Each structure stands twice: as structure tokens, then as C-alpha cells.
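J.: fold the stuff below for me.
(chains A and B)
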Amino acid sequence: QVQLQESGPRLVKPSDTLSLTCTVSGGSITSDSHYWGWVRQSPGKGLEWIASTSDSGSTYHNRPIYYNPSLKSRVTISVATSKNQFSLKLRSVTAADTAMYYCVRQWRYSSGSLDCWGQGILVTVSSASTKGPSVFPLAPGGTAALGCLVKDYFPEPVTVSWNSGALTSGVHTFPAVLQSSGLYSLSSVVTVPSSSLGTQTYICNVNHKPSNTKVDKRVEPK
Amino acid sequence: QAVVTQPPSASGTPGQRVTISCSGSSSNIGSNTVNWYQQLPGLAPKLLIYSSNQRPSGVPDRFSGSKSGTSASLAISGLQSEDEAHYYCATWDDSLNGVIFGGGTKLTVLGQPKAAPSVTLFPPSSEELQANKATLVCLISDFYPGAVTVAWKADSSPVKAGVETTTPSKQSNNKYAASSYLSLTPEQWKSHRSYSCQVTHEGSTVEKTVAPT
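T.: Numbering: from 1, shown residues only, chains lettered A, B, ... in the order given. Coordinates below:
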């Protein structure tokens, strides 16, 4: 019953080093029954296991370090037992390295069952520079529809919440269009009704983690 | 030869029973157990089956696994529209000393009913204007199958310039969603009187339209 979260720079340059971190938020990162690992998935493609390391392996068993051969030259795996974290460095990234990267908790038995998964982090390999978005308020029978427009960002993704996570009923966040300009746009829409509109305040909360950009925006019409 | 393989497709009608092969060799499936993972759109893989036949605590009873020789099989009894997903097999290979995956299988569940696109449209904002751009956004949701066209019109003057239309993507409920973006210039907006975003599907069309005023 372990929670796994990934963090690290979303946007690596060609032949730079990619380096992510896994934050284990549910138990203690030491167990002689589990290894800790990394899996990736290029967009539209299949799953590819990268490497997994053991902790701990002191007097009892060992500290076996397993790698997918195609990437062993390029890869480093690390634990920070003290901080409840493990890590992955991917050296010399190409565009064939753009992928959702996953933390997995692996099982020392049964061919390496990957039994707990983090939600995943999309790392894009590109020479383009980050661009945080711009948000514009979208103002509106029985049901009224209300929204935010997250305009021109790079790279994927941007998440959008409403009223700091309080409002999740009736929220629809649409997948992004890839414009001709190489930048992205998407929109998030709340279908509510009335009697409303006059009372509630409606803020959309747009995090674009690749640019460290967080914007709140209140709707209403002019 | 140190690699595993599965069919790239399977299909079925609710209530059915479908089976997905996974084929390897001596150094992997032959000498090792098998795991199976399900992956719904916009999500992460889940442990579905482990040690060839065991179940994790949440996995419904109709999911079961087998191994024999150099082949394994995932079997889903009582197909549900929930189950429409990609299904991967994984094992361990003694020759490469690590985890390998199959190429996955897309499981389509069909016989599910047509769904007509609900459509929402939006004018630009008294903010993207007094910055000096303009975008009309057109949001099309909850329609099966994922197959639409989007015509824009200036009065009927079908406008085609500056139109970005996403491809449809697979919503959670296994219906579909897409959006269209008509870009134009600030005065290009208060010049005409009204623009219309129309969305056909199957052979039945849908139109909403907005103005400045």
C-alpha cells in the first residue's frame, strides 16, 4: 500500500542527461522483498522496463542491480534511503527517449511483478525552450457551461483544476491541439446550472509543470 | 529469440469470453512465470495477474491466467465495456537477466451504442482581445465512434483559414472527445456579425453559433 510519485525536469535537450526522482510516500523504502525500478513508454508505443535496484542488501542477501541491456551504457539507478527516494539518470538522450517515465515497486520473486506504479512523468527531448501558457476566461438551457482556455504552451502537459481542487463535479478537461506553431493549446470546461453564476466564484488553476508556471483565473463576462 | 510476442488486436461483445496469447521461448516464458498488466487511456498500467495465475487484491474474478510450454494466456470471462484497454504480458528472461514485455494487445469491445456529440462553443474574451488576438474554441464530447468533421462558417462563408482541429481521443467511459480552434484577428472578430461551428457525425449534423454584440 505504497504511493509512488515522480519528479524531475520535464524538458531535456538533445544529448543532455535526463534525471528523474521517485518519492515513496507510503512506507519505508527499505524491504528485503522489493526492488525499486523505472519503466517508460514512448507515446503510442509499448512499455519498456529500464532498470531496478535493491534496498536494502546488507548482511543478508545482496544488492543486485538489474538493467535492460539496450540502455545499460546510458543509465544509472540510485537510492537515497535517508530521504525515501530513488533515482534514474538517462545519459545522452535522443528524441527516441521522449516518454512517460514510471516509478514501479518490483517484487523479488515472480519474474519481477511491478506491483505499485506512480502516475508517470512525461519527459520531452527537444531543442525548443519552454513556454508557459496564457489563460483566458471563457464565459457563457438549464445547464450553463464555463471554462478556461490554456493558450500556447510547450511542452505537454498542463493540468487544470477548479477552485483549488474543491470543484471536481462536472469538470471536463480536453486533450490539447498541437498548433502549426509547434505549441499546444487546451481547454477545461465546467457544466453547472442555475440558480448559480451570480454567487459562486469560479477559478481555474493551471499548472504547467515544464515551465514551473502556475496561474489562477476568475471567469465572469465583460 | 529473447523476446516475447502477443497479438496486436482482440475483439468482442459484452458478456463474451476473449483470450490473449503471449509467446516466448526457453530463456523467458519457458523457464519463468508470467505477469499481465492492463492500461486504460490516460492512465498507468496495473498489475492484473502475477505468478501466471494469481490475482492482486482488487482484480475481479473473471481475469485468469495460464502458462504452458513457451506460451501464456490471459482470459477475460464476461467482457465488460470497462475492459476495453491495452493488455501487456511481462516475464523475466534468463539470457538478458531482466524484465521483458510483449508488444501489447488492443482489446476493442464493440456492439456499444452510437453516441451523438454534445457540442459547446465559446467566443474570445474581453482579455485575449485587449491583448490583440482572438480564438473561438469548439468542444465536442461524448460521441461514439470517434469520427467527426468540423465545418466553420463566417455567415455561411465556410472559413477554413486558421482552423486547428485535434484528433479524437478515447475518453474514460470509452466514448470520445475532440476540440476545434478557429483563430482570427481582433478586428476580424467585431467585423463580421457571427461565426458558426458545425459538427457532423454518422450523417447527422450539430450546430452552435455565437456573436459579439
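J.: only C-alpha atoms from now on, for both contacts and neighbour counts.
T.: Fine.
J.: any idea how chain A splits into domains?
T.: Here the domain assignment for chain A is A:1-127, A:128-219, based on curated CATH domains.
J.: same question for chain B.
T.: Listed domain ranges for chain B are B:1-111, B:112-213 (source: curated CATH domains).
J.: how long is the last one end to end?
T.: Distances were taken as Cα to Cα, to the nearest Å; on that basis the terminal residues of domain B:112-213 are 43 Å apart.
J.: is chain A contacted by it?
T.: Yes: Domain B:112-213 is in contact with chain A by Cα under 8 Å from any Cα of the partner chain, via B:120, B:122-128, B:139, B:164-166, B:169, B:177-180.
J.: out of those residues, which are buried?
T.: Among these, the ones that count as buried by 16 or more other Cα atoms under 10 Å in any protein chain shown are B:120, B:122-126, B:128, B:139, B:164-166, B:169, B:177-180.
J.: between these, which sits nearest chain A?
T.: Distance to chain A, by Cα to the nearest Cα, is smallest for residue B:166 among those, at 4.9 Å.
J.: ok, back up a step: farthest-apart pair in the buried ones among the residues of domain B:112-213 next to chain A, please.
T.: B:126 and B:169 (30.6 Å; Cα to Cα).
J.: and residue 204, how many neighbours?
T.: Picking chain A for this. As a burial measure, the neighbour count of residue A:204 was computed by other Cα atoms under 10 Å in any protein chain shown and equals 25.
J.: nope, chain B please
T.: Tallying neighbours of residue B:204 according to other Cα under 10 Å, which is how burial is gauged here, yields 9.
J.: ok, the residue nearest the centre of chain A - contacts?
T.: Residue closest to the average C-alpha location in chain A (Cα atoms, centre = their mean): residue A:121, at 2.9 Å. Residue A:121 makes contact with A:6, A:7, A:10, A:100, A:101, A:102 under the criterion Cα atoms under 8 Å, 6 or more residues apart in numbering or on different chains.
J.: go through those and name the one nearest chain B.
T.: The nearest member of those to chain B, counting by Cα to the nearest Cα, is residue A:102 at 8.2 Å.
J.: is the closest one bridged to anything, and to what?
T.: In this structure, residue A:102 has the following beta-bridge partners (DSSP bridges): residue A:39.
J.: surely it and residue A:47 touch.
T.: No: in this structure, residue A:102 sits apart from residue A:47 without contact. The criterion is Cα atoms under 8 Å, and the distance is 10.0 Å.
J.: around chain B, which positions in chain A sit nearby?
T.: Counting by Cα under 8 Å from any Cα, the residues of chain A near chain B are A:46-49, A:66-69, A:110-120, A:136-140, A:145, A:174-180, A:221-222.
J.: ok, now how distant is the spatially most central residue of chain B from residue A:89?
T.: Taking Cα atoms, centre = their mean, the centroid of chain B lies closest to residue B:170, which sits 2.8 Å from it. When distances are taken as Cα to Cα, residue B:170 and residue A:89 turn out to be 32 Å apart.
J.: same question for residue B:72.
T.: Counting by Cα to Cα, the gap from residue B:72 to residue A:89 is 34 Å.
J.: and those two? Which one has more around it.
T.: Regarding residue B:72 and residue A:89, a neighbour count based on other Cα under 10 Å identifies residue B:72 as having more, with 25 against 15.
J.: chain center to the helix or strand that one falls within: distance?
T.: Under the criterion of DSSP states H and E, residue B:72 resides in strand B:71-77. Distance of strand B:71-77 from the chain centroid (Cα atoms, centre = their mean, to the nearest Å) equals 23 Å.
J.: strand partners of it, parallel vs antiparallel please.
T.: Using DSSP bridges, the neighbouring strands of strand B:71-77 in the sheet come out as strand B:17-23 (antiparallel), strand B:63-68 (antiparallel).
J.: turn these into CSV, including mean neighbour count and distance to residue A:194.
T.: Written out in CSV, the entries for the strands paired with strand B:71-77 read as follows (neighbours: other Cα atoms under 10 Å in any protein chain shown; distance: least, Cα to Cα, whole Å):
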stretch, mean neighbour count, distance to residue A:194
strand B:17-23, 19, 46
strand B:63-68, 18, 45
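J.: re the thing from before, any common contacting residues for residue A:102 and residue A:47?
T.: Contact with both residue A:102 and residue A:47 is made by residues A:39, A:40, according to Cα under 8 Å, 6+ apart.
J.: looking at these two, which one has more neighbours?
T.: For residue A:102 versus residue A:47, the count of surrounding residues by other Cα under 10 Å is larger for residue A:102: 27 against 24.
J.: which residues does the more buried one contact?
T.: For residue A:102, the contacting residues are A:6, A:38, A:39, A:40, A:117, A:118, A:119, A:120, A:121, by Cα under 8 Å, 6+ apart.
J.: just to check, residue B:177 is in contact with residue B:165?
T.: No: look at residue B:177 against residue B:165 with Cα under 8 Å: they stay out of range, at 11.4 Å.
J.: residues near residue A:101, how many?
T.: Residue neighbour count, defined by other Cα under 10 Å, stands at 26 for residue A:101.
J.: count the neighbours of the residue lying closest to it once chain neighbours are set aside for me.
T.: Leaving out its chain neighbours, the residue that sits closest to residue A:101 by Cα to Cα, 6 or more residues apart in numbering or on different chains is residue A:40, at 4.3 Å. If you count neighbours by other Cα under 10 Å, residue A:40 ends up with 22.
J.: which SSE is residue 161 in?
T.: Chain wasn't specified; assuming chain A. strand A:159-162.
J.: list the strands paired with the helix or strand that that strand is followed by, with their directions.
T.: Tracing the chain C-terminally past strand A:159-162 and defining elements by DSSP H and E, one meets strand A:171-173 next. For strand A:171-173, the paired strands and their directions (DSSP bridges) read strand A:184-192 (antiparallel).
J.: give the buried residues for the partner strand.
T.: Buried positions in strand A:184-192, judged by neighbour count with 16+ other Cα under 10 Å: A:184, A:185, A:186, A:187, A:188, A:189, A:190, A:192.
J.: ditto for stretch A:161-178
T.: A:161, A:162, A:171, A:172, A:173, A:174, A:175, A:176, A:177, A:178.
J.: alright, I will stop here.
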